[PDB]
Amino acid sequence: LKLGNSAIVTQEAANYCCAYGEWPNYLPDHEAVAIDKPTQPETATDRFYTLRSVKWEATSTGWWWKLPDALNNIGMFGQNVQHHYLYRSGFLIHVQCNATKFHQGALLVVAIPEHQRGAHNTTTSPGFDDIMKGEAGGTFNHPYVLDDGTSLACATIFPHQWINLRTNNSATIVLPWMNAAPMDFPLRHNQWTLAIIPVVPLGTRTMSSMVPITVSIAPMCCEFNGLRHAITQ
Amino acid sequence: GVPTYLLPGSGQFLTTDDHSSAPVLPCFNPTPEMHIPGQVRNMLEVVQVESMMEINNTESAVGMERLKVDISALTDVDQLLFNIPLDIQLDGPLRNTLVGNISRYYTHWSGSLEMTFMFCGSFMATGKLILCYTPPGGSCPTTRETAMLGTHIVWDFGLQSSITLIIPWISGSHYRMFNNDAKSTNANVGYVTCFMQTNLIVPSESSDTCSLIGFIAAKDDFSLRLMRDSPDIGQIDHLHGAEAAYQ
Amino acid sequence: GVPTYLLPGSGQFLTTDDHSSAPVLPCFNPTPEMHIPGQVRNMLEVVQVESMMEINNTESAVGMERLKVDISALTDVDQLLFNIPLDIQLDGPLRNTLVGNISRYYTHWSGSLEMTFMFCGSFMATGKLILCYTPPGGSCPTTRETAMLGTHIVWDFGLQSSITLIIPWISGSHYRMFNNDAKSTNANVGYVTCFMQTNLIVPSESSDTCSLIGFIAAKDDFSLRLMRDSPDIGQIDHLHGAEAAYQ
Amino acid sequence: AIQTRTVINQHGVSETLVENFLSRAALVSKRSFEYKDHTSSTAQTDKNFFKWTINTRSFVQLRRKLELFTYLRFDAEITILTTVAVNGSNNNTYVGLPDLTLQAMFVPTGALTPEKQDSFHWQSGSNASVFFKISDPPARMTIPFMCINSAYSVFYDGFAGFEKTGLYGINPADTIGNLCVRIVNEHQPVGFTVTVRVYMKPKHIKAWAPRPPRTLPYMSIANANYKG
Amino acid sequence: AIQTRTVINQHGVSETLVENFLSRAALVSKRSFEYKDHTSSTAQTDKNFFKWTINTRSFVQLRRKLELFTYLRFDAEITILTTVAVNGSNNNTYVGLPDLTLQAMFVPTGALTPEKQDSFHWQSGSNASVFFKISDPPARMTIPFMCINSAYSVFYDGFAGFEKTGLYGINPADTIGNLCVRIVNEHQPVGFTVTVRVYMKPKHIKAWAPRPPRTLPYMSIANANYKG
């Protein structure tokens with residue numbers, strides 16, 4: 001299953017979320033008016049980059065990875081992120097958890113457009129260290145407020161699936177480009193923010209026995225700007 | 001010259017007018033409007049999608065675990081598990097929801113809501129659970145016996161993970177019928193309750209305190225009218241970022 | 001009489017309006033408009049023609065010999081000969097050019113430039129010379145080895161006198177994102193560099209210090225938007241010819 | 001605590017459109033700047049002219065209204081209602097309120113924001129200005145969509161640049177303009193405390209990616225920090 | 001020294017037209033003339049009326065804008081924004097600002113330019129005048145193309161005549177007019193320092209033979225001398 005990349009993820013039936021009902025796509029007529037030489041429809045960059053499995057406990061509150069914060073500094077996406085000024089990509093969010101049938105829990109897989117997350121009880125803006133986290137990503141110190149001043153009770157209006165462990169352990173959110181910009185710089189900006197937020201703590205008769213939440217992201221229809229341009233003629 | 005007279009009201013500034021004024025800085029083509037996904041043309045498709053409620057009405061449970069309710073083996077049979085009122089602009093589960101927050105921008109919010117519960121237990125966490133909805137005209141149920149008399153459904157979550165409830169024609173508004181008193185009159189127009197049809201039973205290796213969440217959405221007949229300022233956030237008037245754009 | 005009301009904004013003077021006013025001194029036929037050559041209908045055909053740059057970035061070379069760069073027999077192999085940045089509104093070669101000066105009247109200047117170099121040596125002044133253009137995302141090259149990795153052309157001017165470079169989609173603007181700070185934020189959106197592929201060799205009777213100039217133009221996709229006052233010349237406010245028309 | 005209910009017919013859908021929902025001219029910025037004759041330059045860059053970067057986050061109710069949606073495109077109809085007030089006293093019958101005019105000049109991104117009421121940026125010409133009076137109706141300028149991307153990022157998950165500190169949520173784009181309002185007249189012998197109450201009505205509104213609203217009170221304009 | 005870049009879509013060509021590029025009403029001349037009651041004729045030919053020969057070279061930014069092109073034909077829409085100001089003090093409540101009118105009379109070539117506010121040239125009739133007030137909107141006169149050749153020589157490589165000295169760049173043609181603004185009212189007991197800020201918006205603009213812009217600062221209106 002999901003054989004359209006250089007790396008596959010074998011799982012159960014797909015049940016994808018068409019994020020806002022739309023699929024990823026490249027530049028249409030917007031290519032001529034945007035920054036030129038965008039031609040590279042980078043397919044080795046579409047490798048299914050599985051992030052390291054964050055550890056679901058009952059005492060845990062949540063996790064987040066911003067979509068250019070993740071997948072940069074590693075792989076083809078990371079290398080083209082350093083070599084390339086600007087890019088466009090949808091993201092195939094795929095969230096798995098090897099949780100047993102006996103395990104108890106709900107999990108709001110929510111991908112947030114522009115999660116401009118605030119700090120807690122400090123009026124200053126969050127900076128490079130507490131925004132650009134990376135591969136492991138940050139944890140929701142206040143998942144009920146979504147670290148933004150918003151409410152988690154209305155986080156589902158965003159593109160979202162639901163890991164109710166009694167019925168599914170798989171999420172698939174097929175994110176579009178999601179920017180005001182047609183193409184945007186991956187260094188200075190994040191278009192999406194995957195958020196693994198348990199609205200139910202992980203439940204076992206033991207001390208919430210171990211499940212891992214393995215998160216796998218493939219940049220679908222990933223399109224950078226072209227360094228190799230014929231500057232002649 | 002065209003003979004015109006100034007009407008009573010000419011030269012006034014109405015804040016709710018559709019008069020197109022003079023475009024300042026002209027002949028400027030903006031950034032050309034491209035198809036950004038997720039286009040919002042109406043507030044209805046905002047509230048037509050599901051959104052969780054603050055189902056735990058206990059004030060001790062605040063923050064995270066107020067979006068969920070705990071069902072254990074010691075929670076017994078014929079006990080009121082949640083007592084969600086179907087009223088928007090008063091304190092309760094219908095406060096930080098999508099429909100409640102968008103309809104807090106409006107006075108009248110007549111329509112129908114589509115409130116959805118999923119059980120969040122183990123795969124074989126089986127238990128019969130009766131959900132009773134009561135109309136605006138009637139008393140709130142306290143037992144399973146008076147829950148059975150009203151319009152109710154029996155949701156056994158042994159095999160079905162998410163249950164889906166359709167609510168007929170909730171209609172509430174904001175009333176200021178008192179002469180300049182600003183009483184902020186409210187309305188009670190429904191309740192959705194929960195009772196335990198049997199004991200929730202679990203395997204010994206799984207957790208006994210099995211949890212439950214729920215969502216609420218709206219249908220196409222849900223509609224809003226007469227927009228107002230939402231009193232969720234007041235004017236703080238001493239924000240730190242303020243007086244910096246003013247510099 | 002036609003019943004009119006004064007709109008909010010009536011009677012104001014906008015400096016960017018297209019309102020045709022009352023023609024003072026009427027029934028006066030002007031001098032009838034004859035076909036003067038070189039008619040300018042747009043600023044694009046102004047910047048579409050070639051114009052030299054201040055290629056010598058050394059501040060010691062000012063005035064005349066800053067439009068040209070000297071290549072001698074002692075300038076050796078694998079040396080950075082010019083380091084032209086492809087940015088408009090900062091100090092460098094792209095300051096007193098046509099495109100730079102016209103796009104200094106505007107904030108946004110996205111498009112493509114057509115920058116042309118001709119060698120100005122002797123007829124048999126032969127030398128291989130590598131021109132490397134770098135995209136906005138990337139570091140400036142310092143050697144021939146890192147010039148070869150980037151998008152580059154090798155221009156031997158032994159037989160070809162003028163070389164013609166096409167630059168894909170340079171896009172820069174003026175940014176004032178800071179709240180009332182007037183920082184005048186700039187942008188770096190490219191570089192065009194020069195390196196010596198081999199030693200420039202000349203006959204003994206000809207000059208060894210062979211010079212090189214270059215031009216820059218624009219294509220049809222080059223365009224400007226949101227006009228502003230050009231800060232090339234400020235208000236001096238004590239001009240000698242002033243207060244004489246005021247007499 | 002009276003509990004009453006009414007039956008609402010309510011056969012309308014157009015009142016919940018995004019265009020009608022955000023197209024209300026709400027108070028987005030207001031302060032009183034002290035125009036009274038400054039022989040000595042005291043409290044500079046804010047005394048004799050009204051400067052405010054055009055942002056919807058300055059007032060809380062309208063702010064929470066526009067951060068219901070992630071991406072917004074609107075031509076902000078700016079209605080500028082200036083009411084002067086004479087500070088001090090001259091007589092008891094009528095102090096005399098002149099029909100003084102104001103230059104409500106709009107300074108976009110890439111343009112020089114004025115730093116005093118008599119700076120050379122007021123006479124730039126490139127940045128468009130309206131000249132309106134107190135006795136006139138308030139200045140209704142509908143500024144167009146000023147953003148180099150196609151929507152206003154009322155959240156921007158990122159920084160203005162890869163370096164410095166404090167640019168989170170600060171788009172290099174958007175930055176709708178610097179609404180700079182002065183008094184064109186040279187300083188009268190009597191002073192006025194003119195408060196510029198400017199109202200923004202977003203027009204031709206398209207919203208994208210709708211969001212949960214803000215639930216705890218705000219703490220800063222530039223960020224979305226919270227008191228949890 | 002923050003370095004940020006944005007992607008601009010920018011699918012427009014009409015914003016770089018010559019008509020839009022020079023058709024901005026920019027401040028071309030402004031001074032305050034002392035209208036206050038002259039029992040003694042002091043500082044004559046400039047005290048009680050505003051005289052300015054209509055030329056685009058008086059202000060530097062707009063000057064460098066129109067000497068981007070050699071030959072220009074435009075009907076100069078002249079918008080005259082006069083703001084009076086009472087010099088001195090009378091009371092503390094309201095000094096009283098009268099709705100005095102002004103004759104913003106346009107004196108072309110071959111016509112007598114007035115030398116005082118009560119000269120007989122103000123009542124000539126042949127040279128067209130507008131009568132507008134302070135409480136009125138500013139006087140928008142669109143004067144036509146006043147040149148005996150078919151374009152305005154913003155450079156004229158030559159002299160007004162084969163003799164005299166100092167006529168280089170002085171076209172016998174162009175000489176668009178003498179914008180002469182007075183106060184029609186007889187001298188009030190209280191005085192006003194009225195500053196006439198006239199804005200020129202060139203209209204129906206055709207440009208010919210486009211040029212390099214000016215790069216060193218200007219030193220005189222009449223010539224193009226430079227500080228090299």
# chains A, B, ... in the order shown; residues from 1 in each chain; ligands from 1
>>> interface_residues(of="chain D", to="chain B", cutoff="7 Å", atoms="only C-alpha atoms", output="tab-separated table (two decimals) with N, CA, C and O atoms, in the first residue's frame")
chain	number	residue	atom	x	y	z
D	2	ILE	N	-34.46	35.53	34.20
D	2	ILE	CA	-35.70	35.16	33.52
D	2	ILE	C	-35.36	34.31	32.30
D	2	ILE	O	-34.44	34.63	31.54
D	3	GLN	N	-36.07	33.19	32.14
D	3	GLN	CA	-35.84	32.26	31.04
D	3	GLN	C	-37.06	32.28	30.12
D	3	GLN	O	-38.11	31.73	30.46
D	4	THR	N	-36.91	32.91	28.96
D	4	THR	CA	-37.96	32.95	27.94
D	4	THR	C	-37.43	32.44	26.61
D	4	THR	O	-36.23	32.54	26.33
D	5	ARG	N	-38.33	31.90	25.80
D	5	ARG	CA	-38.00	31.40	24.48
D	5	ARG	C	-38.99	31.95	23.46
D	5	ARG	O	-40.16	32.19	23.78
D	6	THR	N	-38.51	32.16	22.24
D	6	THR	CA	-39.34	32.61	21.14
D	6	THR	C	-39.10	31.73	19.93
D	6	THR	O	-38.01	31.19	19.74
D	7	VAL	N	-40.14	31.58	19.11
D	7	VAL	CA	-40.01	30.84	17.86
D	7	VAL	C	-39.54	31.80	16.77
D	7	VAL	O	-40.15	32.85	16.54
D	8	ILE	N	-38.44	31.45	16.12
D	8	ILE	CA	-37.85	32.25	15.06
D	8	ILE	C	-38.10	31.54	13.74
D	8	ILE	O	-37.76	30.36	13.59
D	10	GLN	N	-36.92	32.62	10.44
D	10	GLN	CA	-35.49	32.71	10.13
D	10	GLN	C	-35.18	31.90	8.85
D	10	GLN	O	-34.63	30.80	8.86
D	12	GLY	N	-33.25	32.60	6.14
D	12	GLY	CA	-32.18	33.35	5.51
D	12	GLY	C	-30.85	32.64	5.67
D	12	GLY	O	-30.59	32.00	6.68
D	13	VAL	N	-30.01	32.78	4.64
D	13	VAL	CA	-28.69	32.16	4.63
D	13	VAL	C	-27.66	33.23	4.30
D	13	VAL	O	-26.48	33.11	4.64
D	15	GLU	N	-27.29	36.21	5.51
D	15	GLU	CA	-26.76	36.98	6.63
D	15	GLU	C	-25.54	36.33	7.26
D	15	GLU	O	-24.81	36.99	8.00
D	16	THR	N	-25.30	35.05	6.97
D	16	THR	CA	-24.13	34.34	7.48
D	16	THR	C	-23.05	34.17	6.42
D	16	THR	O	-22.18	33.31	6.58
D	17	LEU	N	-23.09	34.96	5.35
D	17	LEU	CA	-22.00	34.96	4.39
D	17	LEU	C	-20.76	35.58	5.02
D	17	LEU	O	-20.85	36.34	5.98
D	18	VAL	N	-19.59	35.22	4.48
D	18	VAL	CA	-18.34	35.78	4.99
D	18	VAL	C	-18.24	37.26	4.64
D	18	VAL	O	-17.75	38.07	5.45
D	24	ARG	N	-18.34	44.80	8.10
D	24	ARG	CA	-18.88	45.81	8.99
D	24	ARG	C	-17.74	46.75	9.37
D	24	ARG	O	-16.67	46.29	9.79
D	25	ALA	N	-17.98	48.04	9.22
D	25	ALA	CA	-16.95	49.04	9.50
D	25	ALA	C	-16.76	49.15	11.01
D	25	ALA	O	-17.50	49.86	11.69
D	45	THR	N	7.62	61.97	16.84
D	45	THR	CA	7.09	60.91	15.97
D	45	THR	C	5.68	60.45	16.34
D	45	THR	O	5.16	59.53	15.70
D	46	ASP	N	5.06	61.03	17.36
D	46	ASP	CA	3.67	60.74	17.69
D	46	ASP	C	2.85	61.97	18.06
D	46	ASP	O	1.65	61.83	18.28
D	51	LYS	N	0.00	58.09	13.35
D	51	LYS	CA	0.59	56.98	12.62
D	51	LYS	C	0.05	55.67	13.19
D	51	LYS	O	-0.01	55.50	14.41
D	52	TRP	N	-0.35	54.76	12.30
D	52	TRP	CA	-0.82	53.45	12.72
D	52	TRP	C	-0.63	52.50	11.54
D	52	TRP	O	-1.15	52.77	10.45
D	53	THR	N	0.14	51.43	11.74
D	53	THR	CA	0.26	50.41	10.70
D	53	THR	C	-1.07	49.69	10.56
D	53	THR	O	-1.68	49.29	11.56
D	58	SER	N	-5.39	45.15	16.19
D	58	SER	CA	-5.25	46.16	17.23
D	58	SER	C	-6.43	46.15	18.20
D	58	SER	O	-6.26	46.36	19.40
D	60	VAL	N	-9.80	43.98	19.77
D	60	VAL	CA	-9.88	42.57	20.14
D	60	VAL	C	-11.06	41.87	19.48
D	60	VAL	O	-10.93	40.74	19.00
D	61	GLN	N	-12.22	42.53	19.46
D	61	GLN	CA	-13.44	41.92	18.93
D	61	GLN	C	-13.32	41.69	17.42
D	61	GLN	O	-13.54	40.58	16.92
D	128	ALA	N	-0.59	57.65	-2.05
D	128	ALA	CA	-1.82	58.41	-2.24
D	128	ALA	C	-2.38	58.95	-0.93
D	128	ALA	O	-2.34	58.28	0.10
D	137	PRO	N	-17.93	65.26	5.31
D	137	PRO	CA	-18.13	63.88	5.74
D	137	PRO	C	-16.80	63.17	5.91
D	137	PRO	O	-15.79	63.56	5.29
D	140	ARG	N	-13.68	58.42	3.28
D	140	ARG	CA	-13.93	57.03	2.91
D	140	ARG	C	-12.96	56.67	1.79
D	140	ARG	O	-13.23	56.90	0.61
D	141	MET	N	-11.81	56.13	2.17
D	141	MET	CA	-10.85	55.57	1.23
D	141	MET	C	-11.00	54.05	1.24
D	141	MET	O	-10.93	53.43	2.31
D	142	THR	N	-11.23	53.46	0.08
D	142	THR	CA	-11.21	52.01	-0.04
D	142	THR	C	-9.85	51.63	-0.62
D	142	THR	O	-9.64	51.61	-1.83
D	143	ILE	N	-8.91	51.35	0.28
D	143	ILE	CA	-7.57	50.93	-0.13
D	143	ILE	C	-7.66	49.53	-0.74
D	143	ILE	O	-8.56	48.76	-0.37
D	145	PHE	N	-6.17	45.62	-2.19
D	145	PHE	CA	-5.56	44.48	-1.53
D	145	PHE	C	-4.04	44.62	-1.61
D	145	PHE	O	-3.43	44.35	-2.65
D	146	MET	N	-3.42	45.04	-0.51
D	146	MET	CA	-1.98	45.31	-0.47
D	146	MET	C	-1.27	44.14	0.20
D	146	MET	O	-1.06	44.14	1.42
D	147	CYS	N	-0.90	43.15	-0.60
D	147	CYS	CA	-0.13	42.00	-0.14
D	147	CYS	C	0.55	41.35	-1.33
D	147	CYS	O	-0.07	41.21	-2.39
D	148	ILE	N	1.82	40.95	-1.19
D	148	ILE	CA	2.48	40.35	-2.35
D	148	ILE	C	2.12	38.88	-2.50
D	148	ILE	O	2.38	38.28	-3.55
D	149	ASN	N	1.54	38.26	-1.47
D	149	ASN	CA	0.80	37.03	-1.76
D	149	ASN	C	-0.69	37.33	-1.91
D	149	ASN	O	-1.13	38.48	-1.81
D	150	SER	N	-1.45	36.28	-2.17
D	150	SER	CA	-2.84	36.42	-2.59
D	150	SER	C	-3.83	36.46	-1.43
D	150	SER	O	-5.04	36.51	-1.68
D	206	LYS	N	-12.95	37.28	0.61
D	206	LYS	CA	-12.85	35.84	0.42
D	206	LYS	C	-12.01	35.28	1.56
D	206	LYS	O	-10.90	35.76	1.81
D	207	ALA	N	-12.53	34.27	2.24
D	207	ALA	CA	-11.86	33.64	3.37
D	207	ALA	C	-11.41	32.24	3.00
D	207	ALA	O	-12.05	31.57	2.19
D	208	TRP	N	-10.31	31.81	3.60
D	208	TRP	CA	-9.78	30.48	3.37
D	208	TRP	C	-9.36	29.85	4.69
D	208	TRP	O	-8.90	30.55	5.60
D	209	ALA	N	-9.51	28.52	4.76
D	209	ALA	CA	-9.09	27.64	5.85
D	209	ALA	C	-9.62	28.09	7.21
D	209	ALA	O	-8.87	28.65	8.01
D	210	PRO	N	-10.89	27.85	7.50
D	210	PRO	CA	-11.50	28.44	8.69
D	210	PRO	C	-11.08	27.71	9.96
D	210	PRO	O	-10.83	26.50	9.97
D	212	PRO	N	-10.71	27.50	14.58
D	212	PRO	CA	-11.29	27.78	15.89
D	212	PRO	C	-11.06	29.23	16.28
D	212	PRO	O	-10.00	29.80	16.00
D	215	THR	N	-10.16	31.89	22.41
D	215	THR	CA	-10.97	31.66	23.60
D	215	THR	C	-10.40	32.26	24.88
D	215	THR	O	-11.18	32.74	25.71
D	217	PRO	N	-8.21	35.43	26.64
D	217	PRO	CA	-7.89	36.80	26.21
D	217	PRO	C	-6.50	36.95	25.62
D	217	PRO	O	-5.55	36.26	25.99
D	219	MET	N	-2.88	38.77	24.63
D	219	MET	CA	-1.87	39.49	25.38
D	219	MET	C	-0.96	40.38	24.54
D	219	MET	O	-0.31	41.27	25.10
D	220	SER	N	-0.92	40.19	23.22
D	220	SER	CA	-0.11	41.06	22.37
D	220	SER	C	-0.67	41.07	20.95
D	220	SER	O	-1.30	40.10	20.52
D	221	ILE	N	-0.42	42.17	20.24
D	221	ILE	CA	-0.83	42.29	18.84
D	221	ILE	C	0.02	41.39	17.94
D	221	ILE	O	-0.51	40.69	17.07
D	222	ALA	N	1.34	41.39	18.15
D	222	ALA	CA	2.25	40.78	17.18
D	222	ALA	C	2.19	39.25	17.23
D	222	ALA	O	2.45	38.58	16.23
>>> select_by_dssp(residues="range 5-94 of chain D", states="strand (DSSP E or B)", output="ChimeraX atom specification")
/D:17,26-34,49-53,69-83
>>> write_last_selection(atoms="C-alpha atoms", output="compact mmCIF listing (two decimals), in the first residue's frame")
# COMPACT_ATOMS: atom_id res chain seq x y z
CA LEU D 17 -22.00 34.96 4.39
CA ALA D 26 -15.49 48.39 12.96
CA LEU D 27 -13.18 50.63 14.99
CA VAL D 28 -9.67 49.33 14.25
CA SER D 29 -7.53 52.14 15.66
CA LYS D 30 -8.12 55.33 17.63
CA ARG D 31 -5.88 57.75 19.51
CA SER D 32 -5.81 61.49 20.17
CA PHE D 33 -2.62 63.16 18.94
CA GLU D 34 -1.65 66.54 20.41
CA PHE D 49 0.42 63.35 13.37
CA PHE D 50 -1.42 60.03 13.68
CA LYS D 51 0.59 56.98 12.62
CA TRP D 52 -0.82 53.45 12.72
CA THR D 53 0.26 50.41 10.70
CA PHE D 69 -10.13 32.37 9.06
CA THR D 70 -6.52 31.68 8.14
CA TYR D 71 -6.29 33.45 4.78
CA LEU D 72 -8.25 36.56 3.83
CA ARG D 73 -8.39 38.76 0.73
CA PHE D 74 -10.23 42.05 1.12
CA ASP D 75 -10.03 45.63 -0.07
CA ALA D 76 -10.12 47.46 3.27
CA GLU D 77 -12.52 50.38 3.01
CA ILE D 78 -10.97 52.78 5.52
CA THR D 79 -13.36 55.37 6.95
CA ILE D 80 -11.51 58.01 8.95
CA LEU D 81 -13.65 59.93 11.45
CA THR D 82 -11.61 62.69 13.07
CA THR D 83 -13.17 64.74 15.88
>>> closest_atom_pairs(of="chain D", to="chain E", cutoff="10 Å", atoms="only C-alpha atoms", output="JSON lines")
{"residue": "D:86", "atom": "CA", "partner": "E:93", "partner_atom": "CA", "distance": 8.4}
{"residue": "D:88", "atom": "CA", "partner": "E:92", "partner_atom": "CA", "distance": 8.6}
{"residue": "D:89", "atom": "CA", "partner": "E:93", "partner_atom": "CA", "distance": 6.1}
{"residue": "D:90", "atom": "CA", "partner": "E:92", "partner_atom": "CA", "distance": 3.3}
{"residue": "D:91", "atom": "CA", "partner": "E:93", "partner_atom": "CA", "distance": 5.0}
{"residue": "D:92", "atom": "CA", "partner": "E:93", "partner_atom": "CA", "distance": 7.8}
{"residue": "D:93", "atom": "CA", "partner": "E:93", "partner_atom": "CA", "distance": 8.3}
{"residue": "D:94", "atom": "CA", "partner": "E:93", "partner_atom": "CA", "distance": 6.2}
{"residue": "D:95", "atom": "CA", "partner": "E:93", "partner_atom": "CA", "distance": 3.0}
{"residue": "D:96", "atom": "CA", "partner": "E:94", "partner_atom": "CA", "distance": 3.3}
{"residue": "D:97", "atom": "CA", "partner": "E:94", "partner_atom": "CA", "distance": 6.3}
{"residue": "D:98", "atom": "CA", "partner": "E:97", "partner_atom": "CA", "distance": 6.4}
{"residue": "D:99", "atom": "CA", "partner": "E:135", "partner_atom": "CA", "distance": 7.3}
{"residue": "D:100", "atom": "CA", "partner": "E:83", "partner_atom": "CA", "distance": 8.1}
{"residue": "D:101", "atom": "CA", "partner": "E:83", "partner_atom": "CA", "distance": 8.1}
{"residue": "D:122", "atom": "CA", "partner": "E:27", "partner_atom": "CA", "distance": 9.9}
{"residue": "D:123", "atom": "CA", "partner": "E:27", "partner_atom": "CA", "distance": 6.2}
{"residue": "D:124", "atom": "CA", "partner": "E:26", "partner_atom": "CA", "distance": 7.2}
{"residue": "D:125", "atom": "CA", "partner": "E:26", "partner_atom": "CA", "distance": 4.8}
{"residue": "D:126", "atom": "CA", "partner": "E:24", "partner_atom": "CA", "distance": 7.1}
{"residue": "D:127", "atom": "CA", "partner": "E:24", "partner_atom": "CA", "distance": 9.5}
{"residue": "D:128", "atom": "CA", "partner": "E:24", "partner_atom": "CA", "distance": 8.6}
{"residue": "D:129", "atom": "CA", "partner": "E:25", "partner_atom": "CA", "distance": 9.9}
{"residue": "D:131", "atom": "CA", "partner": "E:81", "partner_atom": "CA", "distance": 9.1}
{"residue": "D:132", "atom": "CA", "partner": "E:137", "partner_atom": "CA", "distance": 8.8}
{"residue": "D:133", "atom": "CA", "partner": "E:135", "partner_atom": "CA", "distance": 8.9}
{"residue": "D:135", "atom": "CA", "partner": "E:135", "partner_atom": "CA", "distance": 8.6}
{"residue": "D:136", "atom": "CA", "partner": "E:135", "partner_atom": "CA", "distance": 9.3}
{"residue": "D:147", "atom": "CA", "partner": "E:8", "partner_atom": "CA", "distance": 9.0}
{"residue": "D:148", "atom": "CA", "partner": "E:8", "partner_atom": "CA", "distance": 5.2}
{"residue": "D:149", "atom": "CA", "partner": "E:8", "partner_atom": "CA", "distance": 6.7}
{"residue": "D:150", "atom": "CA", "partner": "E:9", "partner_atom": "CA", "distance": 8.5}
{"residue": "D:159", "atom": "CA", "partner": "E:4", "partner_atom": "CA", "distance": 9.7}
{"residue": "D:160", "atom": "CA", "partner": "E:4", "partner_atom": "CA", "distance": 6.6}
{"residue": "D:161", "atom": "CA", "partner": "E:4", "partner_atom": "CA", "distance": 5.5}
{"residue": "D:162", "atom": "CA", "partner": "E:4", "partner_atom": "CA", "distance": 8.3}
{"residue": "D:163", "atom": "CA", "partner": "E:2", "partner_atom": "CA", "distance": 7.6}
{"residue": "D:164", "atom": "CA", "partner": "E:2", "partner_atom": "CA", "distance": 7.6}
{"residue": "D:171", "atom": "CA", "partner": "E:6", "partner_atom": "CA", "distance": 9.6}
{"residue": "D:172", "atom": "CA", "partner": "E:4", "partner_atom": "CA", "distance": 7.0}
{"residue": "D:173", "atom": "CA", "partner": "E:6", "partner_atom": "CA", "distance": 7.0}
{"residue": "D:184", "atom": "CA", "partner": "E:83", "partner_atom": "CA", "distance": 7.8}
{"residue": "D:185", "atom": "CA", "partner": "E:83", "partner_atom": "CA", "distance": 6.1}
{"residue": "D:186", "atom": "CA", "partner": "E:85", "partner_atom": "CA", "distance": 6.7}
{"residue": "D:187", "atom": "CA", "partner": "E:85", "partner_atom": "CA", "distance": 7.9}
{"residue": "D:188", "atom": "CA", "partner": "E:85", "partner_atom": "CA", "distance": 6.8}
{"residue": "D:189", "atom": "CA", "partner": "E:89", "partner_atom": "CA", "distance": 6.3}
{"residue": "D:190", "atom": "CA", "partner": "E:92", "partner_atom": "CA", "distance": 6.5}
{"residue": "D:191", "atom": "CA", "partner": "E:92", "partner_atom": "CA", "distance": 9.5}
>>> interface_residues(of="chain A", to="chain E", cutoff="10 Å", atoms="only C-alpha atoms", output="PyMOL selection string")
chain A and resi 30-36+85-86+181-185+188
>>> interface_residues(of="chain A", to="chain C", cutoff="8 Å", atoms="only C-alpha atoms", output="VMD selection string")
chain A and resid 35 to 37 83 to 86 227 to 233
>>> write_last_selection(atoms="C-alpha atoms", output="tab-separated table (two decimals), in the first residue's frame")
chain	number	residue	atom	x	y	z
A	35	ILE	CA	9.11	33.32	-9.44
A	36	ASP	CA	10.41	31.78	-12.66
A	37	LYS	CA	12.26	28.51	-13.18
A	83	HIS	CA	19.75	24.34	-1.80
A	84	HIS	CA	16.44	25.94	-2.84
A	85	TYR	CA	15.07	29.35	-1.91
A	86	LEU	CA	11.33	28.65	-2.35
A	227	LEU	CA	18.73	25.99	-9.75
A	228	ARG	CA	19.73	24.38	-13.07
A	229	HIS	CA	18.50	27.09	-15.44
A	230	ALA	CA	19.77	27.84	-18.93
A	231	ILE	CA	20.82	31.46	-18.35
A	232	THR	CA	21.86	31.78	-22.00
A	233	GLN	CA	19.66	32.78	-24.99
>>> closest_atom_pairs(of="chain C", to="chain B", cutoff="7 Å", atoms="only C-alpha atoms", output="tab-separated table")
residue	atom	partner	partner_atom	distance
C:1	CA	B:3	CA	3.6
C:2	CA	B:4	CA	3.8
C:3	CA	B:4	CA	4.2
C:4	CA	B:4	CA	4.8
C:5	CA	B:10	CA	4.5
C:6	CA	B:11	CA	5.0
C:7	CA	B:11	CA	5.7
C:8	CA	B:11	CA	6.0
C:16	CA	B:25	CA	5.8
C:179	CA	B:245	CA	4.5
C:180	CA	B:247	CA	5.7
C:225	CA	B:28	CA	6.6
C:226	CA	B:28	CA	6.1
>>> residues_around(residues="residue 122 in chain B", least_positions_apart="6", cutoff="6 Å", atoms="only C-alpha atoms", output="VMD selection string")
chain A and resid 102 to 104 166
>>> select_by_dssp(residues="range 9-162 of chain C", states="helix (DSSP H, G or I)", output="number ranges by chain")
C: 44-47, 64-66, 98-102, 144-149
